[PDB]
Amino acid sequence: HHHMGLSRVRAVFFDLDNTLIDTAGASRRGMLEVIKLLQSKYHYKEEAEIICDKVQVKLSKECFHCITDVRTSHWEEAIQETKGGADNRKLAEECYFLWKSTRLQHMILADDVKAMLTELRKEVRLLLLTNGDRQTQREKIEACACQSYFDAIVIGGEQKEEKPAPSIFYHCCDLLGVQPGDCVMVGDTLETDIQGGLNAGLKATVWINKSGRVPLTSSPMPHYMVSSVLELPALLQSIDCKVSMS
Ligand SMILES: [Cl-]
Ligand code: NA
């Protein structure tokens, strides 16, 4: 009956945010543009940063479920908490849409990532697996124009559950006509991407960790850790050489 053999990767699932695009940095540039607006146009002082930081936290505390309203309100609340006064929706909308336009303008696929994705697609299925609200993620995808690189795109806000729930990963596999055991997840977040891949029994999880710092407490343990998605082909190539029982 049984024998040694190889088992090639058939599909790679990629995060979008902070994996393929610099969401973190694009977002800092947005906040810098809002600070510039508030300081020059509205003569804010160090309050400008306080407000932006407040909104960063508020953003980070959103729950998975009308995003423009929600996000404009973050701004409204943050301005009111800092500056007092009645609600200022027009200033909040100015800030919000400036943060939003700026960050989207700065979301781009690097040329070397384009070339890597193009090359990889010859050999494996590529799927974009991205958590977040449908509108927001779609706007990101359109801004960095990455749709043409992927066999499929799955957005968590369009599904019953998102990462790390294993169901979304099984949906990805079904879309591609592959098994979880054939798929590699690549992403920069332990609690969603990595745990999610572990939950779903994926062939491997690859943690993108630019800094290289590892946590000190219990956490999901990825199979691999790399600085950049550009290190992925070698890993895949090496996975494709691993011997296991038939
Ligand atoms: Cl976001
Ligand atoms: Na991410």
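The chain is numbered in sequence order, starting from 1. Side chains included, hydrogens not; waters and symmetry mates left out as well; all remaining heavy atoms used. As the structure lists them, so they are numbered: ligands from 1, and atoms in each ligand from 1.
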Between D182 and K203, is there a salt bridge with N-O shorter than 4.0 Å?
-> no
Among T189, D193, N199, which residue meets the side chain to side chain donor-acceptor pair (under 3.5 Å) test with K163?
-> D193
Would you check if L129 and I168 make a side-chain contact, meaning some heavy-atom pair closer than 4.5 Å?
-> yes
Can you sort out the partners of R134 under side-chain contact (heavy atoms from CB on, under 4.5 Å), two or more places apart, ordered by chain and number?
-> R138, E158
Would you please say whether a donor-acceptor pair under 3.5 Å links the side chains of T130 and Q137?
-> yes
With a 4.0 Å cut-off, would you call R10 and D240 a salt bridge?
-> no
Near the Na ion (ligand 2), protein N/O/S count under 3.0 Å comes to 3
